[PDB]
>>> print(open('protein.pdb').read())   # PDB, N, CA and C atoms
ATOM      1  N   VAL A   7      15.611   6.216  -5.768
ATOM      2  CA  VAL A   7      14.230   6.667  -5.898
ATOM      3  C   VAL A   7      13.384   6.212  -4.712
ATOM      4  N   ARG A   8      13.168   7.122  -3.768
ATOM      5  CA  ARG A   8      12.363   6.830  -2.588
ATOM      6  C   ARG A   8      11.875   8.123  -1.943
ATOM      7  N   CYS A   9      10.617   8.132  -1.515
ATOM      8  CA  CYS A   9      10.050   9.316  -0.869
ATOM      9  C   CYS A   9      10.331   9.303   0.627
ATOM     10  N   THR A  10       9.833  10.319   1.322
ATOM     11  CA  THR A  10      10.050  10.440   2.757
ATOM     12  C   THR A  10       8.729  10.493   3.518
ATOM     13  N   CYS A  11       7.962   9.412   3.438
ATOM     14  CA  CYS A  11       6.687   9.327   4.140
ATOM     15  C   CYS A  11       6.658   8.104   5.050
ATOM     16  N   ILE A  12       6.865   8.333   6.343
ATOM     17  CA  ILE A  12       6.882   7.252   7.324
ATOM     18  C   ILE A  12       5.711   6.294   7.125
ATOM     19  N   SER A  13       4.498   6.796   7.327
ATOM     20  CA  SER A  13       3.302   5.977   7.177
ATOM     21  C   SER A  13       2.449   6.458   6.008
ATOM     22  N   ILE A  14       2.285   5.595   5.009
ATOM     23  CA  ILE A  14       1.483   5.928   3.838
ATOM     24  C   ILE A  14       0.027   5.529   4.048
ATOM     25  N   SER A  15      -0.867   6.121   3.262
ATOM     26  CA  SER A  15      -2.291   5.835   3.385
ATOM     27  C   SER A  15      -2.858   5.243   2.098
ATOM     28  N   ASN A  16      -2.743   3.927   1.959
ATOM     29  CA  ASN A  16      -3.280   3.227   0.797
ATOM     30  C   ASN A  16      -4.288   2.166   1.231
ATOM     31  N   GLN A  17      -4.856   2.353   2.418
ATOM     32  CA  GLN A  17      -5.832   1.422   2.963
ATOM     33  C   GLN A  17      -7.230   2.052   2.940
ATOM     34  N   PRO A  18      -8.253   1.325   3.410
ATOM     35  CA  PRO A  18      -9.637   1.802   3.403
ATOM     36  C   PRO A  18      -9.776   3.289   3.719
ATOM     37  N   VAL A  19      -8.838   3.835   4.484
ATOM     38  CA  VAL A  19      -8.889   5.248   4.841
ATOM     39  C   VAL A  19      -8.299   6.121   3.745
ATOM     40  N   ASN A  20      -8.851   5.991   2.546
ATOM     41  CA  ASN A  20      -8.428   6.804   1.417
ATOM     42  C   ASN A  20      -8.881   8.246   1.624
ATOM     43  N   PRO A  21      -8.343   9.190   0.830
ATOM     44  CA  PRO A  21      -8.623  10.622   0.970
ATOM     45  C   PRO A  21     -10.077  10.976   1.272
ATOM     46  N   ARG A  22     -11.042  10.053   1.053
ATOM     47  CA  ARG A  22     -12.434  10.291   1.485
ATOM     48  C   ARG A  22     -12.404  10.959   2.860
ATOM     49  N   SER A  23     -11.394  10.552   3.633
ATOM     50  CA  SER A  23     -11.018  11.223   4.855
ATOM     51  C   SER A  23      -9.863  12.166   4.503
ATOM     52  N   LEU A  24     -10.199  13.397   4.127
ATOM     53  CA  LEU A  24      -9.182  14.369   3.666
ATOM     54  C   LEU A  24      -9.494  15.757   4.198
ATOM     55  N   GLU A  25      -8.468  16.488   4.619
ATOM     56  CA  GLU A  25      -8.688  17.818   5.200
ATOM     57  C   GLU A  25      -7.556  18.778   4.876
ATOM     58  N   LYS A  26      -6.425  18.582   5.537
ATOM     59  CA  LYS A  26      -5.261  19.421   5.324
ATOM     60  C   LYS A  26      -4.237  18.649   4.498
ATOM     61  N   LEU A  27      -4.440  18.585   3.172
ATOM     62  CA  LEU A  27      -3.557  17.765   2.369
ATOM     63  C   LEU A  27      -2.684  18.615   1.458
ATOM     64  N   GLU A  28      -1.430  18.784   1.863
ATOM     65  CA  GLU A  28      -0.469  19.557   1.087
ATOM     66  C   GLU A  28       0.248  18.651   0.096
ATOM     67  N   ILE A  29      -0.106  18.767  -1.179
ATOM     68  CA  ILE A  29       0.469  17.910  -2.209
ATOM     69  C   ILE A  29       1.745  18.501  -2.805
ATOM     70  N   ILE A  30       2.719  17.629  -3.048
ATOM     71  CA  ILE A  30       3.981  18.022  -3.672
ATOM     72  C   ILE A  30       4.248  17.122  -4.878
ATOM     73  N   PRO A  31       5.121  17.549  -5.801
ATOM     74  CA  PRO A  31       5.423  16.795  -7.009
ATOM     75  C   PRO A  31       6.581  15.822  -6.825
ATOM     76  N   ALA A  32       6.263  14.598  -6.413
ATOM     77  CA  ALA A  32       7.282  13.573  -6.228
ATOM     78  C   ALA A  32       7.609  12.904  -7.557
ATOM     79  N   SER A  33       8.895  12.832  -7.884
ATOM     80  CA  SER A  33       9.329  12.207  -9.128
ATOM     81  C   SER A  33      10.801  11.813  -9.064
ATOM     82  N   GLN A  34      11.663  12.795  -8.820
ATOM     83  CA  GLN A  34      13.100  12.555  -8.750
ATOM     84  C   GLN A  34      13.420  11.362  -7.856
ATOM     85  N   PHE A  35      12.739  11.283  -6.720
ATOM     86  CA  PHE A  35      12.956  10.194  -5.776
ATOM     87  C   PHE A  35      11.771   9.235  -5.770
ATOM     88  N   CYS A  36      10.585   9.770  -5.502
ATOM     89  CA  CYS A  36       9.375   8.959  -5.468
ATOM     90  C   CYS A  36       8.395   9.402  -6.555
ATOM     91  N   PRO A  37       8.130   8.553  -7.556
ATOM     92  CA  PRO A  37       7.207   8.877  -8.659
ATOM     93  C   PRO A  37       5.738   8.824  -8.239
ATOM     94  N   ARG A  38       5.335   9.762  -7.393
ATOM     95  CA  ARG A  38       3.954   9.831  -6.913
ATOM     96  C   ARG A  38       3.652  11.220  -6.364
ATOM     97  N   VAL A  39       2.580  11.327  -5.584
ATOM     98  CA  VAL A  39       2.225  12.594  -4.961
ATOM     99  C   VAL A  39       2.753  12.641  -3.535
ATOM    100  N   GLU A  40       3.544  13.661  -3.233
ATOM    101  CA  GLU A  40       4.069  13.830  -1.889
ATOM    102  C   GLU A  40       3.048  14.605  -1.087
ATOM    103  N   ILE A  41       2.679  14.103   0.080
ATOM    104  CA  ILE A  41       1.614  14.749   0.810
ATOM    105  C   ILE A  41       1.683  14.601   2.315
ATOM    106  N   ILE A  42       1.406  15.709   2.986
ATOM    107  CA  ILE A  42       1.198  15.706   4.416
ATOM    108  C   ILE A  42      -0.301  15.776   4.642
ATOM    109  N   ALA A  43      -0.924  14.609   4.650
ATOM    110  CA  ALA A  43      -2.371  14.509   4.664
ATOM    111  C   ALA A  43      -2.980  14.473   6.051
ATOM    112  N   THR A  44      -3.875  15.419   6.292
ATOM    113  CA  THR A  44      -4.687  15.415   7.493
ATOM    114  C   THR A  44      -6.100  15.038   7.080
ATOM    115  N   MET A  45      -6.645  13.994   7.681
ATOM    116  CA  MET A  45      -7.926  13.473   7.234
ATOM    117  C   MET A  45      -9.113  14.140   7.903
ATOM    118  N   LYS A  46     -10.027  14.631   7.065
ATOM    119  CA  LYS A  46     -11.305  15.123   7.530
ATOM    120  C   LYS A  46     -12.233  13.936   7.539
ATOM    121  N   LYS A  47     -12.367  13.359   8.723
ATOM    122  CA  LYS A  47     -13.118  12.132   8.933
ATOM    123  C   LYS A  47     -12.981  11.710  10.382
ATOM    124  N   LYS A  48     -11.798  11.962  10.934
ATOM    125  CA  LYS A  48     -11.506  11.602  12.306
ATOM    126  C   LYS A  48     -10.285  12.362  12.816
ATOM    127  N   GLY A  49     -10.056  13.544  12.246
ATOM    128  CA  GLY A  49      -8.929  14.366  12.653
ATOM    129  C   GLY A  49      -7.639  13.577  12.774
ATOM    130  N   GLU A  50      -7.173  13.025  11.659
ATOM    131  CA  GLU A  50      -5.942  12.239  11.658
ATOM    132  C   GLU A  50      -4.886  12.862  10.746
ATOM    133  N   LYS A  51      -3.615  12.618  11.063
ATOM    134  CA  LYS A  51      -2.505  13.152  10.275
ATOM    135  C   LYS A  51      -1.638  12.024   9.721
ATOM    136  N   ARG A  52      -1.377  12.068   8.417
ATOM    137  CA  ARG A  52      -0.584  11.037   7.758
ATOM    138  C   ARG A  52       0.158  11.592   6.543
ATOM    139  N   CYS A  53       1.194  10.878   6.114
ATOM    140  CA  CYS A  53       1.955  11.251   4.923
ATOM    141  C   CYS A  53       1.719  10.216   3.828
ATOM    142  N   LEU A  54       0.897  10.578   2.853
ATOM    143  CA  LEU A  54       0.509   9.650   1.795
ATOM    144  C   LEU A  54       1.373   9.787   0.545
ATOM    145  N   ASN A  55       1.326   8.753  -0.287
ATOM    146  CA  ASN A  55       2.052   8.721  -1.547
ATOM    147  C   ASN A  55       1.225   7.953  -2.569
ATOM    148  N   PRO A  56       0.157   8.591  -3.082
ATOM    149  CA  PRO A  56      -0.788   7.993  -4.013
ATOM    150  C   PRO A  56      -0.255   6.820  -4.828
ATOM    151  N   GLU A  57      -0.499   5.630  -4.291
ATOM    152  CA  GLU A  57      -0.167   4.373  -4.941
ATOM    153  C   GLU A  57      -1.328   3.401  -4.736
ATOM    154  N   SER A  58      -2.526   3.849  -5.114
ATOM    155  CA  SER A  58      -3.747   3.076  -4.907
ATOM    156  C   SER A  58      -4.872   3.566  -5.823
ATOM    157  N   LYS A  59      -6.109   3.169  -5.511
ATOM    158  CA  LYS A  59      -7.270   3.582  -6.298
ATOM    159  C   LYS A  59      -7.829   4.913  -5.795
ATOM    160  N   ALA A  60      -8.620   4.861  -4.722
ATOM    161  CA  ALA A  60      -9.187   6.073  -4.129
ATOM    162  C   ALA A  60      -8.093   7.111  -3.891
ATOM    163  N   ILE A  61      -6.874   6.623  -3.720
ATOM    164  CA  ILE A  61      -5.728   7.486  -3.518
ATOM    165  C   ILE A  61      -5.663   8.535  -4.647
ATOM    166  N   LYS A  62      -6.046   8.114  -5.851
ATOM    167  CA  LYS A  62      -6.107   9.028  -6.980
ATOM    168  C   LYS A  62      -6.998  10.206  -6.617
ATOM    169  N   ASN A  63      -7.992   9.927  -5.775
ATOM    170  CA  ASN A  63      -8.882  10.956  -5.269
ATOM    171  C   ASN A  63      -8.108  11.895  -4.356
ATOM    172  N   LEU A  64      -7.044  11.377  -3.744
ATOM    173  CA  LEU A  64      -6.193  12.194  -2.876
ATOM    174  C   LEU A  64      -5.822  13.479  -3.568
ATOM    175  N   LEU A  65      -5.063  13.326  -4.641
ATOM    176  CA  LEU A  65      -4.554  14.471  -5.383
ATOM    177  C   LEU A  65      -5.640  15.120  -6.236
ATOM    178  N   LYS A  66      -6.658  14.345  -6.582
ATOM    179  CA  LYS A  66      -7.748  14.840  -7.418
ATOM    180  C   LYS A  66      -8.737  15.676  -6.612
ATOM    181  N   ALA A  67      -9.147  15.148  -5.468
ATOM    182  CA  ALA A  67     -10.109  15.824  -4.609
ATOM    183  C   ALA A  67      -9.450  16.910  -3.774
ATOM    184  N   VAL A  68      -8.134  16.831  -3.629
ATOM    185  CA  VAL A  68      -7.410  17.816  -2.850
ATOM    186  C   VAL A  68      -7.029  19.020  -3.709
ATOM    187  N   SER A  69      -6.813  18.774  -4.999
ATOM    188  CA  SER A  69      -6.451  19.837  -5.930
ATOM    189  C   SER A  69      -7.696  20.461  -6.554
ATOM    190  N   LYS A  70      -8.486  19.638  -7.236
ATOM    191  CA  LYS A  70      -9.708  20.106  -7.879
ATOM    192  C   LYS A  70      -9.441  21.346  -8.726
TER     193      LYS A  70
END
>>> encode(input="protein.pdb", output="structure tokens")
Amino acid sequence: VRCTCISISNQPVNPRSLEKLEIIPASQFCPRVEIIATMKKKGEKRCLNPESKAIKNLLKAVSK
């Protein structure tokens, strides 16, 4: 059980900085949200795996 996200985003730079966030259903390997997150805040690209607080906003604010 492990996802494929080199650098995760569970630090101050939570989805509040969110733009191009493609969410996938991680479970079989990683029990979280699989995402290729591009942050609307400073034009940044990252692969997140919601394992935090604001991170919940990741999949919540990205899906709506």
>>> residues_near_point(input="protein.pdb", point="(8.0, 3.7, -6.7)", cutoff="6.5 Å", atoms="only N, CA and C atoms", output="PyMOL selection string")
chain A and resi 7+36-37
>>> select_by_dssp(input="protein.pdb", residues="chain A", states="helix (DSSP H, G or I)", output="list in words")
residues 61, 62, 63, 64, 65, 66, 67, 68 and 69 of chain A
>>> resolve_selection(input="protein.pdb", expression="the PyMOL selection byres (((chain A and resi 25-31 and name CA) around 10) and name CA)", output="number ranges by chain")
A: 21-24, 32-34, 36-55, 64-65, 67-69
>>> atom_distance(input="protein.pdb", atom1="atom N of residue 19 (chain A)", atom2="CA of residue 70 (chain A)")
20.5 Å
>>> atom_distance(input="protein.pdb", atom1="CA of residue 60 (chain A)", atom2="CA of residue 13 (chain A)")
16.8 Å
>>> atom_distance(input="protein.pdb", atom1="CA of residue 20 (chain A)", atom2="CA of residue 61 (chain A)")
5.7 Å
>>> select_by_dssp(input="protein.pdb", residues="chain A", states="strand (DSSP E)", output="list in words")
residues 26, 27, 28, 29, 30, 31, 39, 40, 41, 42, 43, 44, 45, 50, 51, 52, 53 and 54 of chain A
>>> build_atoms(input="protein.pdb", residues="region 53-70 of chain A", atoms="N, CA, C and O atoms", output="short mmCIF file (atom, residue, chain, number, x, y, z; two decimals), in the coordinates of the input")
data_model
loop_
_atom_site.label_atom_id
_atom_site.label_comp_id
_atom_site.auth_asym_id
_atom_site.auth_seq_id
_atom_site.Cartn_x
_atom_site.Cartn_y
_atom_site.Cartn_z
N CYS A 53 1.19 10.88 6.11
CA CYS A 53 1.96 11.25 4.92
C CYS A 53 1.72 10.22 3.83
O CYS A 53 2.23 9.10 3.89
N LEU A 54 0.90 10.58 2.85
CA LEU A 54 0.51 9.65 1.80
C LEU A 54 1.37 9.79 0.55
O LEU A 54 2.10 10.77 0.37
N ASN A 55 1.33 8.75 -0.29
CA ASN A 55 2.05 8.72 -1.55
C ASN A 55 1.23 7.95 -2.57
O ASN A 55 1.48 6.78 -2.83
N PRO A 56 0.16 8.59 -3.08
CA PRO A 56 -0.79 7.99 -4.01
C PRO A 56 -0.26 6.82 -4.83
O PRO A 56 0.30 6.98 -5.91
N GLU A 57 -0.50 5.63 -4.29
CA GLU A 57 -0.17 4.37 -4.94
C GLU A 57 -1.33 3.40 -4.74
O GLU A 57 -1.16 2.33 -4.16
N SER A 58 -2.53 3.85 -5.11
CA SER A 58 -3.75 3.08 -4.91
C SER A 58 -4.87 3.57 -5.82
O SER A 58 -4.63 4.31 -6.77
N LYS A 59 -6.11 3.17 -5.51
CA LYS A 59 -7.27 3.58 -6.30
C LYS A 59 -7.83 4.91 -5.80
O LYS A 59 -7.54 5.97 -6.36
N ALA A 60 -8.62 4.86 -4.72
CA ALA A 60 -9.19 6.07 -4.13
C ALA A 60 -8.09 7.11 -3.89
O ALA A 60 -8.34 8.32 -3.88
N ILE A 61 -6.87 6.62 -3.72
CA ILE A 61 -5.73 7.49 -3.52
C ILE A 61 -5.66 8.54 -4.65
O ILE A 61 -5.30 9.70 -4.43
N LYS A 62 -6.05 8.11 -5.85
CA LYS A 62 -6.11 9.03 -6.98
C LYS A 62 -7.00 10.21 -6.62
O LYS A 62 -6.77 11.34 -7.04
N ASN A 63 -7.99 9.93 -5.78
CA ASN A 63 -8.88 10.96 -5.27
C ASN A 63 -8.11 11.90 -4.36
O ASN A 63 -8.43 13.07 -4.24
N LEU A 64 -7.04 11.38 -3.74
CA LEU A 64 -6.19 12.19 -2.88
C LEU A 64 -5.82 13.48 -3.57
O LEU A 64 -6.17 14.57 -3.13
N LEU A 65 -5.06 13.33 -4.64
CA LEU A 65 -4.55 14.47 -5.38
C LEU A 65 -5.64 15.12 -6.24
O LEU A 65 -5.55 16.30 -6.58
N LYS A 66 -6.66 14.34 -6.58
CA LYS A 66 -7.75 14.84 -7.42
C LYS A 66 -8.74 15.68 -6.61
O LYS A 66 -9.14 16.76 -7.03
N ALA A 67 -9.15 15.15 -5.47
CA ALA A 67 -10.11 15.82 -4.61
C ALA A 67 -9.45 16.91 -3.77
O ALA A 67 -10.12 17.81 -3.27
N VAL A 68 -8.13 16.83 -3.63
CA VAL A 68 -7.41 17.82 -2.85
C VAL A 68 -7.03 19.02 -3.71
O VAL A 68 -6.94 20.15 -3.22
N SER A 69 -6.81 18.77 -5.00
CA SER A 69 -6.45 19.84 -5.93
C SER A 69 -7.70 20.46 -6.55
O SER A 69 -7.93 21.66 -6.42
N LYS A 70 -8.49 19.64 -7.24
CA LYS A 70 -9.71 20.11 -7.88
C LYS A 70 -9.44 21.35 -8.73
O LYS A 70 -9.66 22.47 -8.28
#
